[PDB]
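Engineer: What follows is final33.pdb, PDB, C-alpha atoms and all ligand atoms.
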ATOM      1  CA  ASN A   1      23.735 214.176 184.057
ATOM      2  CA  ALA A   2      20.323 215.923 183.856
ATOM      3  CA  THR A   3      17.443 213.732 182.347
ATOM      4  CA  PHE A   4      14.011 212.099 183.305
ATOM      5  CA  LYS A   5      13.291 211.913 187.034
ATOM      6  CA  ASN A   6      10.447 209.459 187.770
ATOM      7  CA  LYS A   7       8.538 211.660 190.179
ATOM      8  CA  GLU A   8       6.710 208.482 191.165
ATOM      9  CA  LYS A   9       8.095 205.907 193.612
ATOM     10  CA  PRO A  10       6.041 202.829 194.718
ATOM     11  CA  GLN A  11       9.316 201.162 193.969
ATOM     12  CA  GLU A  12       8.946 200.039 197.535
ATOM     13  CA  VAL A  13       5.666 198.239 196.844
ATOM     14  CA  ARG A  14       7.597 195.725 194.824
ATOM     15  CA  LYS A  15      10.326 194.985 197.387
ATOM     16  CA  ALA A  16       7.534 194.989 199.952
ATOM     17  CA  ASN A  17       5.643 192.333 198.038
ATOM     18  CA  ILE A  18       8.726 190.247 197.490
ATOM     19  CA  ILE A  19       9.600 190.322 201.205
ATOM     20  CA  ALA A  20       6.095 189.780 202.511
ATOM     21  CA  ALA A  21       5.922 186.974 199.931
ATOM     22  CA  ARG A  22       9.283 185.338 200.382
ATOM     23  CA  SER A  23       8.477 185.053 204.078
ATOM     24  CA  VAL A  24       5.967 182.381 202.933
ATOM     25  CA  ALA A  25       8.473 180.106 201.191
ATOM     26  CA  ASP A  26      10.368 180.472 204.447
ATOM     27  CA  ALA A  27       7.991 178.638 206.776
ATOM     28  CA  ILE A  28       8.004 175.886 204.175
ATOM     29  CA  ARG A  29      11.775 175.428 203.565
ATOM     30  CA  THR A  30      11.978 173.249 206.643
ATOM     31  CA  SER A  31       9.844 170.520 204.995
ATOM     32  CA  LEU A  32      11.888 169.647 201.963
ATOM     33  CA  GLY A  33      13.470 166.261 201.624
ATOM     34  CA  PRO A  34      14.015 163.081 203.661
ATOM     35  CA  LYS A  35      14.883 165.411 206.508
ATOM     36  CA  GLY A  36      11.857 167.624 206.012
ATOM     37  CA  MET A  37       9.577 167.932 209.042
ATOM     38  CA  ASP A  38       5.771 168.080 209.055
ATOM     39  CA  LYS A  39       3.642 171.035 210.115
ATOM     40  CA  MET A  40       0.676 170.844 212.468
ATOM     41  CA  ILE A  41      -2.221 173.185 211.725
TER
ATOM     42  CA  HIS B   1      16.693 139.847 233.458
ATOM     43  CA  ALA B   2      20.026 141.490 232.669
ATOM     44  CA  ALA B   3      21.527 138.322 234.010
ATOM     45  CA  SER B   4      18.947 135.776 232.761
ATOM     46  CA  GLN B   5      19.741 136.835 229.220
ATOM     47  CA  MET B   6      23.284 135.494 229.725
ATOM     48  CA  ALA B   7      22.448 131.929 228.693
ATOM     49  CA  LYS B   8      19.166 133.032 227.002
ATOM     50  CA  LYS B   9      22.517 127.686 229.379
ATOM     51  CA  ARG B  10      21.344 127.137 233.042
ATOM     52  CA  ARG B  11      17.649 127.391 234.166
ATOM     53  CA  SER B  12      16.564 130.608 232.332
ATOM     54  CA  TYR B  13      14.047 132.469 234.417
ATOM     55  CA  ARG B  14      12.586 135.677 233.025
ATOM     56  CA  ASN B  15       8.851 136.028 233.787
ATOM     57  CA  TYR B  16      10.175 137.698 236.918
ATOM     58  CA  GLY B  17       7.944 140.586 237.791
ATOM     59  CA  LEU B  18       7.246 142.851 240.701
ATOM     60  CA  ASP B  19       5.207 141.888 243.739
ATOM     61  CA  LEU B  20       4.489 145.318 245.184
ATOM     62  CA  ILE B  21       2.100 143.985 247.809
ATOM     63  CA  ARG B  22       5.149 142.397 249.532
ATOM     64  CA  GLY B  23       7.972 144.322 247.898
ATOM     65  CA  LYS B  24      10.013 141.648 246.130
ATOM     66  CA  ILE B  25      10.715 140.082 242.739
ATOM     67  CA  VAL B  26       8.696 136.919 242.054
ATOM     68  CA  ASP B  27       7.854 134.660 239.093
ATOM     69  CA  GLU B  28       4.601 136.174 237.886
ATOM     70  CA  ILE B  29       3.683 133.185 235.722
ATOM     71  CA  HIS B  30       3.678 131.138 238.879
ATOM     72  CA  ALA B  31       2.274 133.829 241.152
ATOM     73  CA  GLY B  32      -0.665 134.179 238.711
ATOM     74  CA  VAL B  33       0.046 137.517 237.025
ATOM     75  CA  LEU B  34      -1.076 136.939 233.462
ATOM     76  CA  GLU B  35      -1.776 139.433 230.680
ATOM     77  CA  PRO B  36      -2.703 138.642 227.017
ATOM     78  CA  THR B  37       0.118 139.058 224.500
ATOM     79  CA  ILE B  38      -2.327 140.790 222.134
ATOM     80  CA  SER B  39      -2.422 143.750 224.534
ATOM     81  CA  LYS B  40       1.238 144.580 225.083
ATOM     82  CA  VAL B  41       1.746 143.873 221.363
ATOM     83  CA  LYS B  42      -0.777 146.511 220.263
ATOM     84  CA  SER B  43      -0.141 148.761 223.280
ATOM     85  CA  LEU B  44       3.388 149.058 221.940
ATOM     86  CA  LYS B  45       3.030 149.177 218.136
ATOM     87  CA  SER B  46       0.392 151.894 218.775
ATOM     88  CA  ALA B  47       1.959 154.226 221.330
ATOM     89  CA  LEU B  48       4.915 154.733 218.960
ATOM     90  CA  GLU B  49       2.703 155.442 215.978
ATOM     91  CA  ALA B  50       1.733 158.506 217.989
ATOM     92  CA  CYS B  51       5.149 159.500 219.230
ATOM     93  CA  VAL B  52       6.415 159.522 215.646
ATOM     94  CA  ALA B  53       3.646 161.605 214.107
ATOM     95  CA  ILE B  54       4.458 164.078 216.892
ATOM     96  CA  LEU B  55       8.254 163.749 216.551
ATOM     97  CA  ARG B  56       7.758 165.141 213.042
ATOM     98  CA  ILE B  57       5.971 168.229 214.339
ATOM     99  CA  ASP B  58       8.181 171.327 214.086
ATOM    100  CA  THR B  59       5.772 174.193 213.528
ATOM    101  CA  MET B  60       2.224 174.540 214.804
ATOM    102  CA  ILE B  61       0.141 177.035 212.914
ATOM    103  CA  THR B  62      -3.049 177.774 214.831
ATOM    104  CA  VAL B  63      -5.627 179.512 212.699
ATOM    105  CA  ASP B  64      -7.921 182.029 214.350
ATOM    106  CA  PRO B  65     -11.466 180.583 214.797
ATOM    107  CA  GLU B  66     -15.009 182.041 214.335
TER
HETATM  108  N1  LIG A 101      17.183 159.949 198.940
HETATM  109  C1  LIG A 101      17.213 161.276 198.963
HETATM  110  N2  LIG A 101      18.372 161.928 199.154
HETATM  111  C2  LIG A 101      18.459 163.283 198.817
HETATM  112  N3  LIG A 101      17.293 163.885 198.325
HETATM  113  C3  LIG A 101      16.154 163.186 198.211
HETATM  114  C4  LIG A 101      16.121 161.884 198.503
HETATM  115  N4  LIG A 101      14.936 161.366 198.189
HETATM  116  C5  LIG A 101      14.060 162.461 197.724
HETATM  117  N5  LIG A 101      14.920 163.631 197.988
HETATM  118  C6  LIG A 101      14.519 165.044 197.809
HETATM  119  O1  LIG A 101      13.401 165.429 198.623
HETATM  120  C7  LIG A 101      13.020 166.669 198.010
HETATM  121  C8  LIG A 101      11.766 167.330 198.592
HETATM  122  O2  LIG A 101      10.669 166.430 198.793
HETATM  123  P1  LIG A 101       9.427 166.838 199.741
HETATM  124  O3  LIG A 101      10.004 167.417 200.976
HETATM  125  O4  LIG A 101       8.556 165.643 199.779
HETATM  126  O5  LIG A 101       8.808 168.032 198.853
HETATM  127  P2  LIG A 101       8.314 167.766 197.343
HETATM  128  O6  LIG A 101       8.530 166.306 197.220
HETATM  129  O7  LIG A 101       6.900 168.193 197.439
HETATM  130  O8  LIG A 101       9.242 168.671 196.630
HETATM  131  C9  LIG A 101      12.873 166.247 196.557
HETATM  132  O9  LIG A 101      13.064 167.382 195.701
HETATM  133  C10 LIG A 101      14.074 165.330 196.383
HETATM  134  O10 LIG A 101      15.116 166.033 195.692
END
Here is the file; what I need is its structure written in the form of structure tokens.
Structural biologist:
Amino acid sequence: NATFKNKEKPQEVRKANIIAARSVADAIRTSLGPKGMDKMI
Amino acid sequence: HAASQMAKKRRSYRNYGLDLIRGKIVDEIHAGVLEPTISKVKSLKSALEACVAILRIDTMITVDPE
């Protein structure tokens, strides 16, 4: 078709946030449950 | 010991330690090699308390200092 373009695109900022954010709940995943292991900081 | 704990019966004789000065197995209770129970009882219960808190370590995040 031929209608509204969205010249703008910081679409990427969202996926970027999600990925740079999901990487957090990653380091954690390992410590869930009676088989979860502790972290040493 | 592996044997002694076979009727542990005959004349059970653990307390058999090492006599490194000579290089042979002797009865340490006789020989005079005594150590308080309270030591090897805490020396053990303790050393594991460490090993475990470390056995659980799977990721070591080291923050940058100042
Ligand atoms: N006996 C068990 N068998 C299977 N799951 C269990 C058992 N006991 C507790 N869990 C699970 O351990 C999960 C995660 O606990 P934990 O790692 O301590 O994180 P949190 O408790 O903070 O969610 C709990 O959501 C629970 O479902």
Engineer: Record the distance separating CA of residue 53 in chain B and CA of residue 40 in chain A, expressed in Å with one decimal.
Structural biologist: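 According to the coordinates, CA of residue 53 in chain B and CA of residue 40 in chain A are separated by 9.8 Å.
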Engineer: Which chains and residue numbers are within 12 Å of ligand LIG 101 (chain A), counting all atoms listed in the file, if I want them as a PyMOL selection string?
Structural biologist: chain A and resi 28-39
Engineer: Would you give me, as JSON, numbers by chain, the residues of chain B that come within 6 Å of chain A, using all atoms listed in the file?
Structural biologist: {"B": [56, 57, 59, 60, 61, 62]}
Engineer: Would you output that residue set with C-alpha atoms, as a PDB file, in the coordinates of the input?
Structural biologist:
ATOM      1  CA  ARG B  56       7.758 165.141 213.042  1.00  0.00           C
ATOM      2  CA  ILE B  57       5.971 168.229 214.339  1.00  0.00           C
ATOM      3  CA  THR B  59       5.772 174.193 213.528  1.00  0.00           C
ATOM      4  CA  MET B  60       2.224 174.540 214.804  1.00  0.00           C
ATOM      5  CA  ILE B  61       0.141 177.035 212.914  1.00  0.00           C
ATOM      6  CA  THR B  62      -3.049 177.774 214.831  1.00  0.00           C
TER       7      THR B  62
END
Engineer: For this file, the PyMOL selection byres (((chain B and resi 15) around 6) and not hetatm) selects which residues, as JSON, numbers by chain?
Structural biologist: {"B": [14, 16, 27, 28]}
Engineer: Quick one: distance from CA of residue 34 in chain B to CA of residue 21 in chain B in Å, one decimal?
Structural biologist: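 Computing the Euclidean distance for CA of residue 34 in chain B and CA of residue 21 in chain B yields 16.3 Å.
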Engineer: CA of residue 10 in chain B and CA of residue 24 in chain B are how many Å apart?
Structural biologist: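 CA of residue 24 in chain B lies 22.6 Å from CA of residue 10 in chain B.
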Engineer: For range 12-47 of chain B, which lacks atoms in the input, supply N, CA and C atoms and format the output as a PDB file, in the frame of the given file.
Structural biologist:
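Printed below is rebuild.pdb as written:
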ATOM      1  N   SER B  12      17.165 129.356 232.824  1.00  0.00           N
ATOM      2  CA  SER B  12      16.564 130.608 232.332  1.00  0.00           C
ATOM      3  C   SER B  12      15.270 130.946 233.045  1.00  0.00           C
ATOM      4  N   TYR B  13      15.223 132.117 233.653  1.00  0.00           N
ATOM      5  CA  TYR B  13      14.047 132.469 234.417  1.00  0.00           C
ATOM      6  C   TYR B  13      13.577 133.913 234.342  1.00  0.00           C
ATOM      7  N   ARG B  14      13.123 134.334 233.164  1.00  0.00           N
ATOM      8  CA  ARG B  14      12.586 135.677 233.025  1.00  0.00           C
ATOM      9  C   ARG B  14      11.228 135.555 233.720  1.00  0.00           C
ATOM     10  N   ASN B  15      10.167 136.121 233.161  1.00  0.00           N
ATOM     11  CA  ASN B  15       8.851 136.028 233.787  1.00  0.00           C
ATOM     12  C   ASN B  15       8.909 136.491 235.246  1.00  0.00           C
ATOM     13  N   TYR B  16       9.980 137.196 235.581  1.00  0.00           N
ATOM     14  CA  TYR B  16      10.175 137.698 236.918  1.00  0.00           C
ATOM     15  C   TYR B  16       9.661 139.101 236.999  1.00  0.00           C
ATOM     16  N   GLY B  17       8.528 139.267 237.668  1.00  0.00           N
ATOM     17  CA  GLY B  17       7.944 140.586 237.791  1.00  0.00           C
ATOM     18  C   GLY B  17       8.037 141.155 239.181  1.00  0.00           C
ATOM     19  N   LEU B  18       7.255 142.197 239.415  1.00  0.00           N
ATOM     20  CA  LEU B  18       7.246 142.851 240.701  1.00  0.00           C
ATOM     21  C   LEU B  18       6.061 142.363 241.520  1.00  0.00           C
ATOM     22  N   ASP B  19       6.268 142.265 242.826  1.00  0.00           N
ATOM     23  CA  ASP B  19       5.207 141.888 243.739  1.00  0.00           C
ATOM     24  C   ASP B  19       5.217 143.013 244.744  1.00  0.00           C
ATOM     25  N   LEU B  20       4.554 144.104 244.379  1.00  0.00           N
ATOM     26  CA  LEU B  20       4.489 145.318 245.184  1.00  0.00           C
ATOM     27  C   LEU B  20       3.794 145.165 246.523  1.00  0.00           C
ATOM     28  N   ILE B  21       2.858 144.225 246.588  1.00  0.00           N
ATOM     29  CA  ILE B  21       2.100 143.985 247.809  1.00  0.00           C
ATOM     30  C   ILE B  21       3.071 143.615 248.924  1.00  0.00           C
ATOM     31  N   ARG B  22       4.112 142.845 248.581  1.00  0.00           N
ATOM     32  CA  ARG B  22       5.149 142.397 249.532  1.00  0.00           C
ATOM     33  C   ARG B  22       6.451 143.184 249.397  1.00  0.00           C
ATOM     34  N   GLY B  23       6.771 143.559 248.163  1.00  0.00           N
ATOM     35  CA  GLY B  23       7.972 144.322 247.898  1.00  0.00           C
ATOM     36  C   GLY B  23       9.152 143.471 247.497  1.00  0.00           C
ATOM     37  N   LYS B  24       8.937 142.527 246.585  1.00  0.00           N
ATOM     38  CA  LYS B  24      10.013 141.648 246.130  1.00  0.00           C
ATOM     39  C   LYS B  24       9.757 141.111 244.727  1.00  0.00           C
ATOM     40  N   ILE B  25      10.821 140.635 244.084  1.00  0.00           N
ATOM     41  CA  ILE B  25      10.715 140.082 242.739  1.00  0.00           C
ATOM     42  C   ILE B  25      10.287 138.623 242.829  1.00  0.00           C
ATOM     43  N   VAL B  26       9.254 138.271 242.069  1.00  0.00           N
ATOM     44  CA  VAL B  26       8.696 136.919 242.054  1.00  0.00           C
ATOM     45  C   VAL B  26       8.453 136.476 240.601  1.00  0.00           C
ATOM     46  N   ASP B  27       8.166 135.191 240.408  1.00  0.00           N
ATOM     47  CA  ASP B  27       7.854 134.660 239.093  1.00  0.00           C
ATOM     48  C   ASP B  27       6.358 134.923 238.987  1.00  0.00           C
ATOM     49  N   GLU B  28       5.993 135.813 238.072  1.00  0.00           N
ATOM     50  CA  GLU B  28       4.601 136.174 237.886  1.00  0.00           C
ATOM     51  C   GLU B  28       3.802 135.073 237.217  1.00  0.00           C
ATOM     52  N   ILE B  29       4.440 134.251 236.379  1.00  0.00           N
ATOM     53  CA  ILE B  29       3.683 133.185 235.722  1.00  0.00           C
ATOM     54  C   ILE B  29       3.194 132.274 236.824  1.00  0.00           C
ATOM     55  N   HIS B  30       4.076 131.986 237.774  1.00  0.00           N
ATOM     56  CA  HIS B  30       3.678 131.138 238.879  1.00  0.00           C
ATOM     57  C   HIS B  30       2.657 131.898 239.698  1.00  0.00           C
ATOM     58  N   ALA B  31       3.113 132.983 240.315  1.00  0.00           N
ATOM     59  CA  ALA B  31       2.274 133.829 241.152  1.00  0.00           C
ATOM     60  C   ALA B  31       0.834 134.023 240.628  1.00  0.00           C
ATOM     61  N   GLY B  32       0.659 134.025 239.304  1.00  0.00           N
ATOM     62  CA  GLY B  32      -0.665 134.179 238.711  1.00  0.00           C
ATOM     63  C   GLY B  32      -0.924 135.504 238.007  1.00  0.00           C
ATOM     64  N   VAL B  33       0.149 136.221 237.684  1.00  0.00           N
ATOM     65  CA  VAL B  33       0.046 137.517 237.025  1.00  0.00           C
ATOM     66  C   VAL B  33       0.126 137.376 235.511  1.00  0.00           C
ATOM     67  N   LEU B  34      -1.028 137.139 234.899  1.00  0.00           N
ATOM     68  CA  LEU B  34      -1.076 136.939 233.462  1.00  0.00           C
ATOM     69  C   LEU B  34      -1.779 138.054 232.721  1.00  0.00           C
ATOM     70  N   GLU B  35      -1.244 138.379 231.545  1.00  0.00           N
ATOM     71  CA  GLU B  35      -1.776 139.433 230.680  1.00  0.00           C
ATOM     72  C   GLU B  35      -1.683 138.925 229.228  1.00  0.00           C
ATOM     73  N   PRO B  36      -2.739 139.111 228.409  1.00  0.00           N
ATOM     74  CA  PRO B  36      -2.703 138.642 227.017  1.00  0.00           C
ATOM     75  C   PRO B  36      -1.645 139.322 226.176  1.00  0.00           C
ATOM     76  N   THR B  37      -0.931 138.541 225.373  1.00  0.00           N
ATOM     77  CA  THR B  37       0.118 139.058 224.500  1.00  0.00           C
ATOM     78  C   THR B  37      -0.448 140.173 223.627  1.00  0.00           C
ATOM     79  N   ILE B  38      -1.604 139.892 223.032  1.00  0.00           N
ATOM     80  CA  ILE B  38      -2.327 140.790 222.134  1.00  0.00           C
ATOM     81  C   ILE B  38      -2.461 142.234 222.634  1.00  0.00           C
ATOM     82  N   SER B  39      -2.338 142.422 223.942  1.00  0.00           N
ATOM     83  CA  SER B  39      -2.422 143.750 224.534  1.00  0.00           C
ATOM     84  C   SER B  39      -1.093 144.434 224.357  1.00  0.00           C
ATOM     85  N   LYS B  40      -0.099 144.005 225.131  1.00  0.00           N
ATOM     86  CA  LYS B  40       1.238 144.580 225.083  1.00  0.00           C
ATOM     87  C   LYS B  40       1.868 144.586 223.683  1.00  0.00           C
ATOM     88  N   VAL B  41       1.241 143.903 222.732  1.00  0.00           N
ATOM     89  CA  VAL B  41       1.746 143.873 221.363  1.00  0.00           C
ATOM     90  C   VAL B  41       1.140 145.043 220.587  1.00  0.00           C
ATOM     91  N   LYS B  42      -0.101 145.392 220.914  1.00  0.00           N
ATOM     92  CA  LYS B  42      -0.777 146.511 220.263  1.00  0.00           C
ATOM     93  C   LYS B  42      -0.503 147.782 221.063  1.00  0.00           C
ATOM     94  N   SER B  43      -0.416 147.643 222.382  1.00  0.00           N
ATOM     95  CA  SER B  43      -0.141 148.761 223.280  1.00  0.00           C
ATOM     96  C   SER B  43       1.181 149.394 222.872  1.00  0.00           C
ATOM     97  N   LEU B  44       2.090 148.573 222.360  1.00  0.00           N
ATOM     98  CA  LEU B  44       3.388 149.058 221.940  1.00  0.00           C
ATOM     99  C   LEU B  44       3.405 149.598 220.515  1.00  0.00           C
ATOM    100  N   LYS B  45       3.062 148.758 219.540  1.00  0.00           N
ATOM    101  CA  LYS B  45       3.030 149.177 218.136  1.00  0.00           C
ATOM    102  C   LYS B  45       2.263 150.504 217.974  1.00  0.00           C
ATOM    103  N   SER B  46       1.234 150.693 218.799  1.00  0.00           N
ATOM    104  CA  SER B  46       0.392 151.894 218.775  1.00  0.00           C
ATOM    105  C   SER B  46       1.033 153.150 219.360  1.00  0.00           C
ATOM    106  N   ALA B  47       1.364 153.092 220.642  1.00  0.00           N
ATOM    107  CA  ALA B  47       1.959 154.226 221.330  1.00  0.00           C
ATOM    108  C   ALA B  47       3.097 154.895 220.575  1.00  0.00           C
TER     109      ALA B  47
END
